[PDB]
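Structure file entry23.txt (compact mmCIF, C-alpha atoms) follows.
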```txt
# COMPACT_ATOMS: atom_id res chain seq x y z
CA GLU T 109 35.86 -19.50 158.85
CA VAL T 110 36.23 -22.92 160.64
CA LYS T 111 37.62 -25.17 163.43
CA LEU T 112 37.51 -29.00 162.81
CA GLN T 113 39.06 -31.24 165.44
CA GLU T 114 38.99 -35.01 164.96
CA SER T 115 39.45 -37.44 167.83
CA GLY T 116 39.63 -41.18 168.29
CA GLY T 117 42.64 -42.47 166.42
CA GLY T 118 44.81 -45.33 167.62
CA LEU T 119 45.66 -48.88 166.70
CA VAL T 120 43.51 -52.07 166.58
CA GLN T 121 44.23 -55.77 166.24
CA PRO T 122 42.96 -56.36 162.70
CA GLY T 123 39.20 -56.98 162.62
CA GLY T 124 38.88 -54.35 165.31
CA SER T 125 36.23 -51.62 165.26
CA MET T 126 36.66 -47.84 165.76
CA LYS T 127 34.81 -44.47 165.72
CA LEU T 128 36.70 -41.47 164.39
CA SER T 129 35.04 -38.26 165.11
CA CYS T 130 35.38 -34.52 164.49
CA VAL T 131 33.14 -31.76 165.70
CA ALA T 132 32.26 -28.67 163.62
CA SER T 133 32.71 -25.15 164.98
CA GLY T 134 31.68 -21.87 163.35
CA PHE T 135 29.31 -23.76 161.03
CA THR T 136 25.60 -23.88 161.20
CA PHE T 137 25.68 -23.82 157.50
CA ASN T 138 22.21 -24.52 156.67
CA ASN T 139 23.47 -26.75 153.74
CA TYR T 140 26.96 -28.50 153.54
CA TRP T 141 28.43 -31.97 152.85
CA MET T 142 31.12 -33.74 154.83
CA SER T 143 33.35 -36.65 154.12
CA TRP T 144 36.43 -38.58 155.21
CA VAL T 145 39.57 -38.66 153.07
CA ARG T 146 42.56 -40.82 154.13
CA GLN T 147 46.26 -40.91 153.34
CA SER T 148 48.89 -43.68 153.83
CA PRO T 149 52.20 -43.95 151.93
CA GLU T 150 50.94 -47.03 150.00
CA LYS T 151 47.97 -45.09 148.41
CA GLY T 152 48.47 -41.37 148.74
CA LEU T 153 45.04 -39.71 149.28
CA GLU T 154 41.64 -41.40 148.80
CA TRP T 155 38.09 -40.18 149.27
CA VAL T 156 36.74 -42.86 151.63
CA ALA T 157 33.19 -41.81 152.62
CA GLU T 158 30.72 -38.88 152.66
CA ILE T 159 27.36 -38.21 154.27
CA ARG T 160 25.41 -35.37 152.55
CA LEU T 161 23.12 -32.57 153.76
CA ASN T 162 21.81 -30.52 150.79
CA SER T 163 18.63 -30.64 153.12
CA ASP T 164 17.49 -34.29 152.77
CA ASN T 165 18.47 -35.67 156.23
CA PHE T 166 20.96 -38.34 155.21
CA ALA T 167 22.28 -39.57 151.85
CA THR T 168 25.53 -41.39 151.96
CA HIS T 169 27.93 -42.70 149.28
CA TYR T 170 31.03 -44.99 149.69
CA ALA T 171 33.53 -46.67 147.31
CA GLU T 172 35.22 -49.72 145.73
CA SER T 173 36.80 -50.81 149.04
CA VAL T 174 35.18 -49.23 152.08
CA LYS T 175 31.48 -49.95 151.76
CA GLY T 176 30.24 -52.85 153.88
CA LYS T 177 33.04 -51.74 156.14
CA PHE T 178 32.33 -48.25 157.44
CA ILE T 179 29.31 -45.98 157.83
CA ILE T 180 29.32 -42.21 157.91
CA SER T 181 26.86 -40.65 160.38
CA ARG T 182 26.57 -37.14 161.94
CA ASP T 183 23.97 -35.16 163.63
CA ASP T 184 23.88 -31.41 163.54
CA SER T 185 22.08 -31.42 166.91
CA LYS T 186 25.24 -33.15 168.20
CA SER T 187 27.52 -30.94 166.18
CA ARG T 188 29.65 -33.97 165.47
CA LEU T 189 30.42 -36.23 162.51
CA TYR T 190 31.04 -39.89 163.49
CA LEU T 191 32.79 -42.54 161.36
CA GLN T 192 32.66 -46.17 162.49
CA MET T 193 34.82 -48.60 160.65
CA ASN T 194 34.39 -52.36 161.00
CA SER T 195 36.25 -55.48 159.84
CA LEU T 196 39.47 -53.42 159.40
CA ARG T 197 42.56 -54.63 157.58
CA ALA T 198 46.17 -53.67 156.90
CA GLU T 199 45.21 -51.77 153.80
CA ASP T 200 43.05 -49.29 155.86
CA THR T 201 45.91 -47.92 157.99
CA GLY T 202 46.46 -44.21 157.48
CA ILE T 203 45.57 -40.71 158.53
CA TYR T 204 41.92 -39.75 158.30
CA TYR T 205 41.22 -36.21 157.28
CA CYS T 206 37.82 -34.78 158.07
CA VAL T 207 36.81 -32.19 155.49
CA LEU T 208 33.57 -30.30 155.27
CA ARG T 209 32.48 -28.05 152.42
CA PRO T 210 29.36 -25.94 152.24
CA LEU T 211 27.16 -25.66 149.17
CA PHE T 212 27.37 -21.87 148.76
CA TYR T 213 27.64 -21.22 145.11
CA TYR T 214 31.29 -20.66 145.69
CA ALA T 215 33.93 -20.75 148.27
CA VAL T 216 36.16 -23.65 149.21
CA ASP T 217 35.95 -26.59 151.55
CA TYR T 218 37.82 -26.91 154.73
CA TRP T 219 39.99 -29.61 156.19
CA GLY T 220 41.23 -30.45 159.68
CA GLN T 221 44.44 -32.22 160.68
CA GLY T 222 43.79 -35.97 161.12
CA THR T 223 44.88 -38.81 163.46
CA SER T 224 46.72 -42.10 162.79
CA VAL T 225 44.87 -45.41 162.68
CA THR T 226 47.13 -48.46 162.77
CA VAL T 227 45.87 -51.91 161.93
CA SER T 228 48.51 -54.23 163.18
CA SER T 229 48.46 -57.59 164.74
CA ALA T 230 51.22 -56.70 167.19
CA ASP X 1 37.27 -45.66 138.58
CA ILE X 2 37.77 -42.03 137.32
CA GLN X 3 41.41 -40.92 136.75
CA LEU X 4 43.52 -37.80 137.06
CA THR X 5 47.33 -38.06 136.48
CA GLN X 6 50.08 -35.46 136.99
CA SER X 7 52.80 -34.52 134.51
CA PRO X 8 55.33 -34.68 136.02
CA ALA X 9 56.31 -36.45 139.20
CA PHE X 10 59.34 -34.53 140.52
CA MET X 11 60.63 -31.14 139.50
CA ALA X 12 63.58 -28.97 140.32
CA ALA X 13 63.27 -25.20 140.41
CA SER X 14 65.83 -22.39 140.84
CA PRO X 15 64.49 -19.60 142.97
CA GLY X 16 62.81 -17.22 140.60
CA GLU X 17 61.77 -19.67 137.90
CA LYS X 18 58.27 -20.32 136.50
CA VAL X 19 56.75 -23.74 137.24
CA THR X 20 53.75 -25.51 135.70
CA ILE X 21 52.51 -28.88 136.73
CA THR X 22 49.61 -30.02 134.60
CA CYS X 23 46.69 -32.33 135.70
CA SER X 24 44.29 -34.22 133.47
CA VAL X 25 41.07 -36.22 133.66
CA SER X 26 40.17 -39.49 132.01
CA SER X 27 36.71 -38.26 131.00
CA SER X 28 35.87 -34.64 130.24
CA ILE X 29 34.65 -33.13 133.56
CA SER X 30 34.22 -29.42 134.05
CA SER X 31 36.78 -26.81 135.02
CA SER X 32 34.71 -25.74 137.98
CA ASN X 33 35.05 -28.92 140.04
CA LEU X 34 38.79 -29.48 139.89
CA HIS X 35 40.32 -28.34 143.21
CA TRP X 36 44.08 -28.16 143.80
CA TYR X 37 45.64 -29.01 147.14
CA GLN X 38 49.14 -28.28 148.54
CA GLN X 39 50.76 -30.48 151.24
CA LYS X 40 53.99 -29.55 153.06
CA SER X 41 55.95 -32.43 154.72
CA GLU X 42 54.91 -33.14 158.32
CA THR X 43 51.32 -31.74 157.76
CA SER X 44 47.88 -32.12 155.99
CA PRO X 45 46.47 -31.19 152.57
CA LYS X 46 46.13 -27.43 152.41
CA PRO X 47 43.36 -26.25 150.05
CA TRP X 48 45.20 -24.30 147.51
CA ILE X 49 43.00 -23.74 144.47
CA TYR X 50 39.27 -24.03 144.12
CA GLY X 51 37.39 -23.62 140.86
CA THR X 52 40.00 -24.07 138.24
CA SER X 53 41.26 -20.55 138.74
CA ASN X 54 40.19 -19.51 142.25
CA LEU X 55 42.95 -19.27 144.91
CA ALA X 56 42.12 -20.07 148.52
CA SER X 57 42.39 -17.70 151.51
CA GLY X 58 46.10 -16.87 151.65
CA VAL X 59 47.49 -18.48 148.52
CA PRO X 60 50.14 -15.97 147.34
CA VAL X 61 49.08 -14.24 144.06
CA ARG X 62 52.18 -15.32 142.12
CA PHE X 63 50.34 -18.61 141.74
CA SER X 64 48.11 -19.36 138.67
CA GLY X 65 45.52 -22.01 137.73
CA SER X 66 43.67 -22.63 134.45
CA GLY X 67 42.22 -25.22 132.13
CA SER X 68 39.10 -26.42 130.45
CA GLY X 69 38.34 -29.91 129.26
CA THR X 70 40.77 -32.65 130.18
CA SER X 71 44.00 -30.61 130.92
CA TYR X 72 44.23 -28.31 133.97
CA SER X 73 47.52 -26.84 135.01
CA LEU X 74 49.08 -24.92 137.82
CA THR X 75 51.73 -22.34 137.36
CA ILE X 76 53.94 -20.41 139.78
CA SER X 77 55.21 -17.03 138.58
CA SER X 78 58.47 -16.76 140.46
CA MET X 79 59.22 -20.01 142.25
CA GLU X 80 60.30 -19.18 145.83
CA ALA X 81 61.32 -21.46 148.66
CA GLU X 82 58.02 -22.06 150.38
CA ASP X 83 56.48 -23.51 147.30
CA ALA X 84 58.58 -26.60 147.92
CA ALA X 85 55.51 -28.73 148.67
CA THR X 86 53.90 -31.66 146.95
CA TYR X 87 50.81 -30.52 145.11
CA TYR X 88 47.81 -32.76 144.25
CA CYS X 89 44.63 -32.29 142.12
CA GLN X 90 41.13 -33.45 142.84
CA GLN X 91 37.85 -34.32 141.18
CA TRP X 92 34.48 -33.51 142.93
CA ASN X 93 32.39 -33.98 139.71
CA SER X 94 30.94 -37.52 140.04
CA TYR X 95 31.52 -40.04 142.79
CA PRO X 96 33.95 -41.33 143.36
CA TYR X 97 36.08 -38.22 143.94
CA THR X 98 39.59 -39.15 142.82
CA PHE X 99 42.96 -37.45 143.13
CA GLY X 100 46.19 -37.02 141.27
CA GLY X 101 49.39 -38.85 141.99
CA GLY X 102 50.52 -35.44 143.19
CA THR X 103 53.51 -33.54 141.78
CA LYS X 104 56.51 -32.95 144.08
CA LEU X 105 58.38 -29.70 143.68
CA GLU X 106 61.59 -28.91 145.36
CA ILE X 107 63.84 -25.95 145.45
CA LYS X 108 67.22 -25.81 143.72
```
Just give me the structure of the file as structure tokens.
Amino acid sequence: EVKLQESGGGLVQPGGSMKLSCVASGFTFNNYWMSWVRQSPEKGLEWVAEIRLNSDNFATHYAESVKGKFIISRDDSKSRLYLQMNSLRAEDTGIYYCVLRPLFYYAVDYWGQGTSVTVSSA
Amino acid sequence: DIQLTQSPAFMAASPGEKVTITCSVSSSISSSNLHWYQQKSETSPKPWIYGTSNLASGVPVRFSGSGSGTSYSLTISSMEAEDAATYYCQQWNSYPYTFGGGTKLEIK
């Protein structure tokens, strides 16, 4: 069971900042993890970020070419999962999927639908 | 970098055939952390298979997943016309989580 709706997409002169979002419904799943995956034609899909709630408040992890640049953040109290990206470039243009999976022994993660982000000078 | 690649890239299936797109890691991870996603043009990755053999809520039961070690595959009993997606595999073993180039099926 789930309902993930992400807001905030658009287009920014390069260098521009943003703040994708998505708010969880149904969940109050004691212990989950959430992360942002992105897809543009150039790269296909790529795990970008991921905050983590096993029960320690925050632990984050980023990758080869995103760290320095964005920071996952989310507070259950707020129900939301925010993702601010700074110093953006062409490369980063794509659709950001917001997927949350819970740490039950087993079941499967969920995904939402995305929004375009367009880094163009125009 | 941790790498999965998919044999093969594009397929062609007559309705009623049996398809199997394989997927394979660079380093031996474990069956139970290789998820399989299905994406149909004009929409977003649709969680298809979790575990190496678990189907997700709704996945028709003519579909089949299996593997252990470095080679995981996917197989469709009787290809039908709504399997015409592009499938992709994924690794949630160690960061970073990487994905396959994604195999594209299409219906003959």
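When all atoms listed in the file are used to compute distances to residue 95 in chain X, the closest of the residues X:33, X:5, X:39, X:57 turns out to be X:33.
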Practice task
Please indicate the distance in Å from CA of residue 117 in chain T to CA of residue 188 in chain T, rounded to one decimal place.
Solution key: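 CA of residue 188 in chain T lies at a distance of 15.6 Å from CA of residue 117 in chain T.
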Exercise for the section: Return the single residue from T:129, T:115, T:143, T:201 that is closest to residue 161 in chain T, with distances computed using all atoms listed in the file. Expected result: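 Nearest candidate to residue 161 in chain T out of T:129, T:115, T:143, T:201: T:143.
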Practice task
Compile the residues of chain X that lie within 8 Å of chain T, evaluated using all atoms listed in the file, and express the compilation as a PyMOL selection string.
Solution key: chain X and resi 43-47+50+56+95-99+101
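When only C-alpha atoms are used to measure the gap to residue 26 in chain X, the shortest distance among X:74, X:81, X:2, X:55 belongs to X:2.
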Problem - Selection: 12 Å around residue 65 in chain X, all atoms listed in the file, excl. self and same-chain fewer than 3 positions, as a PyMOL selection string - result: chain X and resi 19-23+31-32+34-37+48-56+59+61-62+68+71-77+89
Completion exercise
Residue with the minimum atom-to-atom distance to residue 197 in chain T, picked from T:139, T:226, T:160, T:167 with all atoms listed in the file counted, is T:226
Exercise for the section: Between CA of residue 146 in chain T and CA of residue 177 in chain T, measure the distance and give it in Å to one decimal. Expected result: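 CA of residue 177 in chain T lies at a distance of 14.6 Å from CA of residue 146 in chain T.
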Exercise for the section: Go ahead and compute the interatomic distance for CA of residue 60 in chain X and CA of residue 18 in chain X, in Å to one decimal. Expected result: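 Going from CA of residue 60 in chain X over to CA of residue 18 in chain X covers 14.2 Å.
Checking T:213, T:166, T:190, T:178 one by one against residue 128 in chain T, counting only C-alpha atoms, you find the shortest gap at T:190.
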Could you pull the residues within 12 Å of residue 111 in chain T, counting all atoms listed in the file, minus those fewer than 2 positions along the same chain, as a PDB file with C-alpha atoms, in the frame of the given file?
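Final file, out-v8.pdb:
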```
ATOM      1  CA  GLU T 109      35.860 -19.500 158.850  1.00  0.00           C
ATOM      2  CA  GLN T 113      39.060 -31.240 165.440  1.00  0.00           C
ATOM      3  CA  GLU T 114      38.990 -35.010 164.960  1.00  0.00           C
ATOM      4  CA  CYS T 130      35.380 -34.520 164.490  1.00  0.00           C
ATOM      5  CA  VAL T 131      33.140 -31.760 165.700  1.00  0.00           C
ATOM      6  CA  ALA T 132      32.260 -28.670 163.620  1.00  0.00           C
ATOM      7  CA  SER T 133      32.710 -25.150 164.980  1.00  0.00           C
ATOM      8  CA  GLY T 134      31.680 -21.870 163.350  1.00  0.00           C
ATOM      9  CA  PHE T 135      29.310 -23.760 161.030  1.00  0.00           C
ATOM     10  CA  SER T 187      27.520 -30.940 166.180  1.00  0.00           C
ATOM     11  CA  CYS T 206      37.820 -34.780 158.070  1.00  0.00           C
ATOM     12  CA  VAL T 207      36.810 -32.190 155.490  1.00  0.00           C
ATOM     13  CA  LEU T 208      33.570 -30.300 155.270  1.00  0.00           C
ATOM     14  CA  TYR T 218      37.820 -26.910 154.730  1.00  0.00           C
ATOM     15  CA  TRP T 219      39.990 -29.610 156.190  1.00  0.00           C
ATOM     16  CA  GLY T 220      41.230 -30.450 159.680  1.00  0.00           C
ATOM     17  CA  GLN T 221      44.440 -32.220 160.680  1.00  0.00           C
TER      18      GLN T 221
END
```
Practice task
May I ask which of the residues X:41, X:92, X:8, X:103 is the closest one to residue 141 in chain T, counting all atoms listed in the file?
Solution key: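 Smallest distance to residue 141 in chain T is found for X:92.
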Residues at most 8 Å from residue 127 in chain T, counting only C-alpha atoms, excluding those fewer than 5 positions away in the same chain, as an mmCIF file with C-alpha atoms, keeping the file's coordinate frame?
```cif
data_model
loop_
_atom_site.group_PDB
_atom_site.id
_atom_site.type_symbol
_atom_site.label_atom_id
_atom_site.label_comp_id
_atom_site.auth_asym_id
_atom_site.auth_seq_id
_atom_site.Cartn_x
_atom_site.Cartn_y
_atom_site.Cartn_z
ATOM 1 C CA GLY T 116 39.630 -41.180 168.290
ATOM 2 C CA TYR T 190 31.040 -39.890 163.490
ATOM 3 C CA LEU T 191 32.790 -42.540 161.360
ATOM 4 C CA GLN T 192 32.660 -46.170 162.490
ATOM 5 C CA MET T 193 34.820 -48.600 160.650
#
```
